[PDB]
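Presented below is the structure to which this report refers.
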Amino acid sequence: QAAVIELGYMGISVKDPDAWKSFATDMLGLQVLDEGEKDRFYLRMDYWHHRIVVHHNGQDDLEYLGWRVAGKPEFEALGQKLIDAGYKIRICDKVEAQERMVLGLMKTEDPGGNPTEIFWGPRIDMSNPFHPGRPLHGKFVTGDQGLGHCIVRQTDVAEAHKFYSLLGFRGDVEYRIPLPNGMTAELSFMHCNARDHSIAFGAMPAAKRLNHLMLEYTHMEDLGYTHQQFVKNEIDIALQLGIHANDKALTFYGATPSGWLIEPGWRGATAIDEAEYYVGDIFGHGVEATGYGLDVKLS
Amino acid sequence: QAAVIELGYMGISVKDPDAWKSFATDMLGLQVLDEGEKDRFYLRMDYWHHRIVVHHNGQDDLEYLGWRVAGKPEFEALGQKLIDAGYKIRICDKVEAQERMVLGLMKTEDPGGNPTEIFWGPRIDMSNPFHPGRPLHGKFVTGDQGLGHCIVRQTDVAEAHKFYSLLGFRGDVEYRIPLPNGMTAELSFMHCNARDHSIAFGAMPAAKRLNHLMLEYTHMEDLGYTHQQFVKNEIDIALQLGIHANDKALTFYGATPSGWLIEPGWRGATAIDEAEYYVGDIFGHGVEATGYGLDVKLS
Amino acid sequence: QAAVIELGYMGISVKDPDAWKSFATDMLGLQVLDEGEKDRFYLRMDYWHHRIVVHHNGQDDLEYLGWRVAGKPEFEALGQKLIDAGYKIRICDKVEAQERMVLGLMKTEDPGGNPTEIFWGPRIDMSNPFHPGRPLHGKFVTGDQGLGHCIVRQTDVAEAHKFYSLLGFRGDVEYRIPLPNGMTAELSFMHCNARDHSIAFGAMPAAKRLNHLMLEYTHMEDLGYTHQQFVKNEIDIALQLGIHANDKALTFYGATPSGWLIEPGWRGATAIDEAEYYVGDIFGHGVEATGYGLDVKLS
Amino acid sequence: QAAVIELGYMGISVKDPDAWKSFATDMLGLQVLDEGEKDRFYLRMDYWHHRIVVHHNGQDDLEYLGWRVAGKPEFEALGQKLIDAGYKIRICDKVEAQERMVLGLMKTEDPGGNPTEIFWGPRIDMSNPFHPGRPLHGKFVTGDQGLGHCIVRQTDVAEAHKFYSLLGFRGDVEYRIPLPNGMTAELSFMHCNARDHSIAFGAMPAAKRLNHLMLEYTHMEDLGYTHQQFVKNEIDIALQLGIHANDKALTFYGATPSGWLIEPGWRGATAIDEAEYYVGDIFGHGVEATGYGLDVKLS
Amino acid sequence: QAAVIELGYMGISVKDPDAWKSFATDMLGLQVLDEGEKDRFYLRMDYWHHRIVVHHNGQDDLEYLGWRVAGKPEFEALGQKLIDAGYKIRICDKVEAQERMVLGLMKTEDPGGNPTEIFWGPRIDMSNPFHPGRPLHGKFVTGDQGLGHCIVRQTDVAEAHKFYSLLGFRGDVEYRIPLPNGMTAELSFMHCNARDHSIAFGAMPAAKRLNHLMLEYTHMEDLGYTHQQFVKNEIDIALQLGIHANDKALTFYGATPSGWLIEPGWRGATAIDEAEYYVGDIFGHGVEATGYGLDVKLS
Ligand SMILES: Cc1ccc(O)c(O)c1
Ligand SMILES: Cc1ccc(O)c(O)c1
Ligand SMILES: Cc1ccc(O)c(O)c1
Ligand SMILES: Cc1ccc(O)c(O)c1
Ligand SMILES: Cc1ccc(O)c(O)c1
Ligand SMILES: Cc1ccc(O)c(O)c1
Ligand SMILES: Cc1ccc(O)c(O)c1
Ligand SMILES: Cc1ccc(O)c(O)c1
Ligand SMILES: Cc1ccc(O)c(O)c1
Ligand SMILES: Cc1ccc(O)c(O)c1
Ligand SMILES: Cc1ccc(O)c(O)c1
Ligand SMILES: Cc1ccc(O)c(O)c1
Ligand SMILES: Cc1ccc(O)c(O)c1
Ligand SMILES: Cc1ccc(O)c(O)c1
Ligand SMILES: Cc1ccc(O)c(O)c1
Ligand SMILES: Cc1ccc(O)c(O)c1
Ligand SMILES: Cc1ccc(O)c(O)c1
Ligand SMILES: Cc1ccc(O)c(O)c1
Ligand SMILES: Cc1ccc(O)c(O)c1
Ligand SMILES: Cc1ccc(O)c(O)c1
Ligand SMILES: Cc1ccc(O)c(O)c1
Ligand SMILES: Cc1ccc(O)c(O)c1
Ligand SMILES: Cc1ccc(O)c(O)c1
Ligand SMILES: Cc1ccc(O)c(O)c1
Ligand SMILES: Cc1ccc(O)c(O)c1
Ligand SMILES: Cc1ccc(O)c(O)c1
Ligand SMILES: Cc1ccc(O)c(O)c1
Ligand SMILES: Cc1ccc(O)c(O)c1
Ligand SMILES: Cc1ccc(O)c(O)c1
Ligand SMILES: Cc1ccc(O)c(O)c1
Ligand SMILES: [Fe+2]
Ligand SMILES: [Fe+2]
Ligand SMILES: [Fe+2]
Ligand SMILES: [Fe+2]
Ligand SMILES: [Fe+2]
Ligand SMILES: [Mg+2]
Ligand SMILES: [Mg+2]
Ligand SMILES: [Mg+2]
Ligand SMILES: [Mg+2]
Ligand SMILES: [Mg+2]
């Protein structure tokens with residue numbers, strides 16, 4: 001059955017490109033690639049030409065998520081599936097596909113308004129191995145798991161679930177978290193490969209499309225050094241170190257120059273098709289810096 | 001689903017059979033088998049009776065590619081599939097099948113005019129283990145991967161892709177290579193088993209059906225010795241040693257007595273169903289000898 | 001898809017039960033189980049209550065082959081498949097099923113006239129571990145591979161193939177063996193599990209239903225001792241020690257007291273779905289004693 | 001502790017070099033190497049320049065056994081050990097060492113009169129991989145196990161044992177075999193590496209220094225084919241196929257053109273330091289052709 | 001027994017430090033570390049503070065080899081062993097040890113005049129992971145194998161062998177290579193850990209202490225890219241790509257800015273204690289650029 005197989009790339013727009021270059025390299029160990037374009041640069045994690053496009057003169061938010069399918073037959077099948085179900089899509093011409101450096105490209109929006117791209121045939125620069133922006137003990141976990149995961153804004157969880165399910169994702173409510181005001185927040189997490197989740201959401205108020213992006217190190221030492229960099233440089237940590245009940249990953253959440261959060265992590269477990277839920281994390285992920293997309297403790 | 005499972009055998013015709021015997025044995029380590037026929041001999045690589053038929057009084061080009069299916073049910077299913085799709089096929093009688101030493105045989109041509117045979121039931125001489133034409137450290141990689149791969153001539157890539165897809169192959173454009181004249185050459189690569197590719201093509205001008213045949217050694221030492229044989233004997237090397245971005249194989253391309261190229265290699269990676277593309281090889285495969293099927297550098 | 005999964009049991013009839021008890025125990029290492037019945041006894045190989053039923057006052061030939069399916073749903077599906085295709089079957093009542101010690105039983109004949117039973121739910125005596133009729137270094141290869149294999153008589157190979165294919169077997173002509181008279185004998189071999197073949201046949205003249213039964217030792221030492229027993233006791237060996245091209249097993253063929261052959265063996269390879277053929281065995285299996293079901297050399 | 005580590009090479013002399021070339025290649029699969037010397041040629045089994053030197057104008061017997069030590073320090077230590085114990089040795093000059101193609105060489109005789117050489121630094125031709133004299137499924141077992149083993153003549157087992165023990169071998173009486181005349185033959189077997197034995201002997205009357213040489217195939221198929229070659233060509237088999245109780249190897253013993261026996265085999269077990277004994281082999285090794293070094297059955 | 005366990009560090013002096021920084025980073029992928037010292041900088045390969053010290057205002061040759069022992073007890077034992085055998089050593093004070101960044105240090109010269117240091121307790125910067133001077137697919141092989149190997153000048157091979165044997169190395173003559181003038185060059189290779197050799201030499205005329213330094217990549221792709229860098233930048237290659245008979249490594253030899261050779265390589269085999277010799281390499285290592293420390297082909 002035709003399905004999305006990974007979060008292949010994403011685009012963000014920023015107001016301060018120079019701050020983003022220093023942040024990405026020094027704080028995270030990502031590689032900056034500048035192709036001489038006036039309005040954008042790239043961040044690499046592996047052999048792909050890029051994983052993140054960073055657009056200038058921007059909004060400090062997500063621009064697009066790029067979801068990969070295996071090839072042209074799955075691209076065509078999924079496109080027709082979306083059309084048959086009543087979703088509005090546009091099949092892109094050669095110029096637009098070349099902009100993203102993919103062989104085939106279609107554009108749509110998810111039910112929450114998040115620009116969503118489906119593509120086949122990423123550009124891989126095997127001649128240009130990843131070279132991190134600071135020394136690293138290891139590298140990033142990508143491969144069959146794609147670049148990482150995001151929590152994005154939604155207005156109707158059922159509608160969002162319908163859309164991502166059509167795309168081949170699996171998952172449902174995995175957390176029922178008590179809120180300070182007596183309500184219970186339901187968070188849904190969906191997978192499309194071995195990464196425990198690639199997309200997640202609730203129907204929570206949010207000023208930005210993007211709540212956080214999670215990037216995963218192969219080595220615990222790089223995660224620890226990254227955490228220390230945030231502390232040393234007095235960068236806000238919204239949720240402190242902890243371990244998630246679903247994916248078993250060791251992570252924290254820190255501010256980016258755009259105000260949405262980065263979640264550096266290590267040791268994510270394999271996705272499971274069998275739905276379960278929790279009322280909190282294993283421990284940690286307590287609130288430190290207030291006033292971010294995540295103001296409430298997870299355990 | 002019924003599908004081609006390997007490149008089982010191939011036939012070539014040559015103007016100089018004696019030169020071909022010395023080339024195949026000394027330069028490559030293939031085994032010559034002469035069954036006393038006036039007009040042909042065989043080259044072996046493994047337990048199969050043969051992998052290559054070498055016809056005399058010839059054209060210095062490919063005569064046929066022989067694609068294996070698992071058995072009679074898949075043979076019949078694929079035959080009917082070709083007929084239903086409007087392709088012209090001929091089901092061969094016992095005499096023609098016996099000529100190829102197979103249990104069932106059908107003949108057609110691919111959209112580029114390359115004679116294409118589909119068969120089941122190869123003859124295996126378990127009593128006669130491979131005995132290479134020169135001493136070898138190892139042997140050849142065949143088995144589930146078939147004999148090797150070819151690049152062949154096509155006039156319409158989309159039509160070629162349709163035909164091979166019907167036969168059960170998977171793959172698409174994997175290289176977009178800049179050409180000296182400012183154009184971009186698109187090369188497509190298709191697999192039917194664990195070998196990264198078994199057939200590949202672009203819509204490129206070509207005097208011969210066959211651009212090159214790739215044969216894979218189990219041992220790096222045999223590849224190195226083969227490379228040294230080409231250098232020592234001053235045989236043209238069209239593309240020097242390098243590593244492909246798609247299959248990760250260490251290979252070079254040298255002249256055969258027929259003028260098309262042999263690509264001896266080592267360390268091919270497992271095929272992947274997920275389409276990606278590159279703008280060049282990892283490195284190497286630079287042009288040395290000019291005037292062959294490949295005049296342009298691959299990295 | 002519903003299919004036969006193993007040769008579960010078989011029945012033979014004999015004129016000399018006492019000779020058969022001594023032969024089975026001393027020459028082969030099978031276990032004799034006598035349940036006090038006037039007209040039969042059993043031979044064991046493993047935890048099954050039995051693998052071979054030996055009927056008295058007999059014909060020195062095969063009485064029935066018992067083919068297992070996984071359970072009742074597959075039994076019912078296969079029964080209906082046979083009926084729909086025009087084959088005559090009888091679904092057995094409780095008394096007949098109890099005679100065979102199975103939970104469900106149907107009876108038919110293959111196109112060559114060989115009585116064929118299909119059943120589910122064999123009786124396993126876990127409380128009664130196999131105890132061989134002579135000391136053994138090892139045991140027998142059974143399990144997922146069933147008891148062994150037989151070559152049986154057929155009058156029309158295509159009809160036989162159709163029947164066994166309906167039952168879920170796979171396989172075709174694997175040998176084209178030159179005969180002394182200038183003809184070529186075609187032998188077909190079919191599998192229904194990991195055993196390289198469980199049933200095989202050609203359209204060859206035969207006085208008996210059963211040409212041979214093959215039983216496989218886990219240990220080479222037991223095969224060698226068995227071979228030595230045949231030599232020491234001057235029991236006819238029709239085909240001497242050799243190795244088959246298809247299953248790679250080390251075997252010989254010796255006379256039983258019933259005149260059909262036993263093929264003791266060791267080291268059978270895993271079945272393959274990809275059809276190939278040979279013109280002889282790896283070596284050995286030359287003719288020694290003449291006048292048996294196999295009078296012609298296999299290599 | 002300084003010790004012999006393998007049977008590295010051996011020398012034989014023959015009356016019929018041409019018969020020996022055909023025998024070694026066709027019957028055994030050894031590689032003939034002729035360096036243009038008037039009086040000798042070589043047999044190869046692996047990457048070593050050679051394992052067996054075949055001298056012309058000879059006696060149809062063993063000329064020397066060449067025992068390897070790890071290096072110069074062990075060579076010197078063992079030389080001094082032999083001198084201290086009262087054995088007569090000669091340290092060879094450069095010319096004599098070069099004849100054997102070794103870096104250091106000493107010559108002596110064992111207590112039975114068998115010329116015995118101790119050396120370090122064999123010549124290995126890594127550029128020249130083994131190329132068998134007939135097609136082989138596999139190759140030979142050499143490496144840490146050396147070339148094979150011999151039974152040689154002795155007049156005093158205790159004296160022989162003392163000598164080989166000084167050289168670093170371990171082992172003792174492993175067989176007490178009943179003889180037709182009512183006596184019991186004691187055979188001793190000694191190891192110096194993982195090969196179950198490299199040298200063995202009893203105090204038995206013998207016209208030749210060499211009773212037999214055992215060579216081990218990696219693949220059972222090559223052993224079987226070799227056995228079939230002896231049968232087909234009507235070459236005397238002194239002891240038929242069987243399995244040894246000590247090393248668990250499948251072997252037979254056949255005549256060479258020199259009248260002493262070759263023991264082709266397969267599946268030798270790892271040497272053990274713990275002494276045990278047997279009164280016969282597992283089975284087989286019965287007498288067929290009479291009048292050879294071995295006239296008595298082993299089981 | 002106390003012994004040297006690896007080539008831990010080395011010092012070189014150069015006339016052109018800027019050329020060396022560009023060469024080391026771009027051509028080899030080494031990491032430049034400048035600690036602000038006026039007269040030296042460092043090259044890193046791994047977590048060690050450094051592996052190579054590069055001194056300014058120099059002689060374009062080796063300054064010292066630094067051989068590690070396990071700890072203080074082995075340092076003291078080896079020091080006393082050298083004194084007892086009549087070698088001149090100096091035990092260094094704290095200032096000299098701190099210069100090398102080691103816990104204990106002694107200085108001597110080998111019999112060929114090559115400055116030789118023995119130390120315990122290297123400085124490891126676990127906080128500062130290796131960051132190569134160009135992007136790399138992999139990293140370097142160091143660890144238990146130390147930094148690499150050198151061939152250095154000697155005037156008396158027996159004396160050199162005595163010295164290195166006292167230090168705990170093992171090895172002897174491994175090559176007897178025919179020279180153009182009819183002589184035979186003997187080369188000796190010694191190991192002190194799993195690296196096939198760490199030091200090697202003959203008694204050959206040489207203008208420099210250092211003939212070559214070998215550095216080993218984990219990944220074949222980095223070796224290939226390095227080879228391509230030498231070709232592209234028209235840097236002299238003295239011996240072309242080939243494989244050594246002793247260590248089985250794929251290597252070539254290229255000019256450094258100091259005129260002695262670097263030998264980049266991949267796939268070195270484990271050292272063996274059993275001495276063997278060869279008359280050439282497996283193949284390759286033919287002469288290209290003349291006028292370097294190696295003017296003669298190795299195969
Ligand atoms: C900000 C921006 C710039 C270019 C694009 O193609 C896009 O999608 C967004
Ligand atoms: C919500 C939104 C609107 C426009 C943008 O360019 C963007 O990144 C986000
Ligand atoms: C907890 C949360 C915060 C912001 C979001 O956009 C979301 O989907 C969930
Ligand atoms: C649950 C799961 C695990 C691994 C996968 O590759 C996948 O698609 C789903
Ligand atoms: C592994 C670990 C250690 C300390 C923490 O506070 C935590 O959340 C996790
Ligand atoms: C509650 C939760 C679980 C896993 C995540 O990756 C995350 O961001 C939040
Ligand atoms: C040249 C040639 C000869 C015989 C054939 O069967 C064939 O296909 C081609
Ligand atoms: C193009 C072509 C035509 C005829 C042949 O026999 C051949 O090998 C090729
Ligand atoms: C690059 C190339 C050259 C010749 C061909 O026939 C082809 O398909 C591709
Ligand atoms: C991609 C792939 C890998 C292995 C196979 O056997 C196959 O058919 C396809
Ligand atoms: C492994 C390797 C070594 C050298 C080369 O030039 C190359 O292309 C590959
Ligand atoms: C560009 C390319 C990649 C892989 C191949 O086998 C080949 O011949 C060419
Ligand atoms: C001879 C015989 C006896 C009983 C049976 O049930 C049978 O099938 C055959
Ligand atoms: C052919 C045949 C007929 C009756 C039997 O009982 C039997 O075993 C065989
Ligand atoms: C060779 C052979 C002999 C007897 C048979 O019944 C058969 O099917 C095949
Ligand atoms: C070819 C094959 C191998 C194993 C099996 O279990 C089977 O049913 C078929
Ligand atoms: C393993 C083996 C040994 C001897 C033989 O004759 C044979 O056929 C097989
Ligand atoms: C020719 C052949 C192959 C395999 C067998 O089991 C057999 O009985 C015969
Ligand atoms: C017969 C013979 C010839 C030369 C030798 O060196 C030797 O030991 C024996
Ligand atoms: C006993 C004996 C004597 C001389 C030889 O040359 C020989 O090979 C054997
Ligand atoms: C049994 C035997 C035969 C000959 C010998 O030389 C020997 O040592 C033992
Ligand atoms: C008994 C034994 C086993 C292995 C060896 O390497 C050895 O020297 C001894
Ligand atoms: C494995 C084997 C088979 C038959 C024999 O006679 C023997 O000795 C060994
Ligand atoms: C009795 C015996 C055991 C092992 C051998 O190798 C042999 O030649 C004899
Ligand atoms: C050239 C140089 C400079 C400082 C040192 O300590 C040394 O050994 C060499
Ligand atoms: C031979 C030599 C002399 C002095 C040095 O500083 C040096 O590096 C080498
Ligand atoms: C072959 C060679 C060249 C230079 C040296 O210093 C050496 O020891 C060996
Ligand atoms: C020969 C060898 C192999 C590994 C080692 O660690 C060593 O010291 C020696
Ligand atoms: C692996 C390899 C390939 C080509 C060569 O020339 C060589 O020496 C080694
Ligand atoms: C002849 C040789 C072998 C191995 C080496 O590392 C080397 O430099 C030279
Ligand atoms: Fe997250
Ligand atoms: Fe190719
Ligand atoms: Fe059989
Ligand atoms: Fe023996
Ligand atoms: Fe070297
Ligand atoms: Mg989940
Ligand atoms: Mg592909
Ligand atoms: Mg089969
Ligand atoms: Mg023993
Ligand atoms: Mg060595």
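Values reported hereafter were calculated over all heavy atoms of this structure, with side chains retained and with hydrogens, waters and symmetry mates removed. So that the names make sense, note that chain A is the first sequence line, chain B the second, and so on, each numbered from 1. Just follow the structure's listing: the first ligand is 1, and inside any ligand the first atom is 1.
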Residue-ligand contact C/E174/ligand 18, heavy atom below 4.0 Å: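 No, that is not the case, since the closest heavy atom of the residue is not under 4.0 Å from the ligand.
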Just to check, does C/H244 reach to within less than 4.0 Å of ligand 18 when the distance is taken from its heavy atoms?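 Yes; C/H244 lies near enough to ligand 18 that a heavy-atom distance drops under 4.0 Å.
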Could you tell me whether the side chain of [Y] reaches within less than 4.5 Å of the side chain of [X], counting heavy atoms only?
X      : Y      : result
C/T256 : C/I12  : no
C/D156 : C/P111 : no
C/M45  : C/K139 : no

Under 2.8 Å from the Fe ion (ligand 34), is there any N, O or S atom belonging to D/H244?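 Looking at D/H244, which is the residue asked about, there is no N, O or S atom under 2.8 Å from the Fe ion (ligand 34).
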How about D/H197: does one of its N, O or S atoms come closer than 2.8 Å to the Fe ion (ligand 34)?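 Within the cut-off used here (under 2.8 Å), D/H197 places no N, O or S atom near the Fe ion (ligand 34).
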Parallel under 30°, tilted from 30 to 60°, perpendicular over 60°: which one fits the rings of D/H285 and D/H244?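 D/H285 and D/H244: tilted rings.
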Between D/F23 and D/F230, how do the two ring planes meet: parallel, tilted or perpendicular, split at 30° and 60°?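 Rings of D/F23 and D/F230: perpendicular, as their planes differ by over 60°.
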Check whether any N or O atom of [X], backbone or side chain, sits under 3.5 Å from an N or O atom of ligand 18, and answer yes or no.
X      : result
C/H197 : yes
C/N246 : no
C/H149 : yes

What are the polar N/O contacts of ligand 23 with the protein below 3.5 Å, with distances?
from	atom 1	to	atom 2	distance (Å)
ligand 23	6 (O)	C/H227	ND1	2.7
ligand 23	6 (O)	C/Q228	NE2	3.0
ligand 23	8 (O)	D/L241	O	3.1

Does a side chain donor of either D/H227 or D/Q240 reach within less than 3.5 Å of an acceptor in the other side chain?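 Result is yes, a qualifying pair exists.
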Near C/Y253, which atoms of ligand 18 are under 4.0 Å from a heavy atom of that residue?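 Those of ligand 18 that fall under 4.0 Å from C/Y253 are 5 (C), 7 (C), 8 (O), 9 (C).
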Around atom CZ of D/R170, are there more than 12 heavy atoms from other residues, nucleotides or ligands closer than 6.0 Å?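 Counting other residues, nucleotides and ligands, CZ of D/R170 stays at 12 neighbours or fewer.
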Rounded to the nearest 0.5 Å, what separation is found between the CG atom of D/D247 and the CD1 atom of D/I272?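 It is 11.0 Å, given to the nearest 0.5 Å.
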Rounded to 10°, how big is the angle at the Fe ion (ligand 34) from D/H149 NE2 to D/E263 OE1?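 Vertex at the Fe ion (ligand 34): approximately 100°.
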Test side chain to side chain donor-acceptor pair (under 3.5 Å) on D/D172 and D/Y277; report intermediate values, then the result. CA-CA 9 Å; D/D172 216 299; D/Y277 83 98; over 6 Å; no
